[PDB]
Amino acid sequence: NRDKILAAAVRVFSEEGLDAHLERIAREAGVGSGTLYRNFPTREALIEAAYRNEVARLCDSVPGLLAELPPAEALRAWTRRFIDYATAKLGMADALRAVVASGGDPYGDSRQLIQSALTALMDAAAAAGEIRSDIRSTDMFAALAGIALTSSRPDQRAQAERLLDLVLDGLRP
């Protein structure tokens, strides 16, 4: 419902930019525009909420991934989700740029939250002996950030996947 509105926000802001038709987001989410407005009264609030929700969905996937997969495989799956997040962030670049230029702070403590999710994955994989234990999570984060910077476009997805494979291979015991 909320997740539906904010998923729709990512899509519509990515396609239409800052000037997106808000009624389109409501309708795609199967919701009235009064409902959209009661929850997200300004377009900047909606943009920021959509960004924050991408961040939270990425971070909050970790316990479930660790529950279902061996920890190095959990880390690998999560790195794909990190690129999905990067591709989303890039998709709504014009919208996020506008919120910042108008005085907003969509980002807040997102970098720390994402770093901590990575630390949780890497501590579990290192404890299991599935990865080396001497790599810092802050350096892995920088590696993923660079792959985001070079390879976040939808058309760069194969290169992004191969670069993720290379960095994950750098973690091998």
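The first residue of the sequence shown is number 1, and the count goes up from there.
Of 33-41 and 123-131, the one with larger mean CA B-factor: Averaged over C-alpha atoms, the B-factors run higher in 33-41.
Average Cα temperature factor in the PDB entry - higher stretch of 61-69, 22-30: Between 22-30 and 61-69, it is 22-30.
CA B-factor ranking of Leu163, expressed as a third of its chain: Ranked within chain, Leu163 CA B lands in the lowest tercile.
Within-chain third of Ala101 by Cα B-factor, per the entry: Middle third of the chain for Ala101's C-alpha B-factor.
Within-chain third of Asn53 by Cα B-factor, per the entry: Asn53: CA B-factor falls in the middle third of its chain.
Relative C-alpha B-factor of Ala77, binned into the chain's lowest, middle or highest third: For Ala77, whose C-alpha B-factor we compare with every modelled residue in the chain, the answer is the lowest third.
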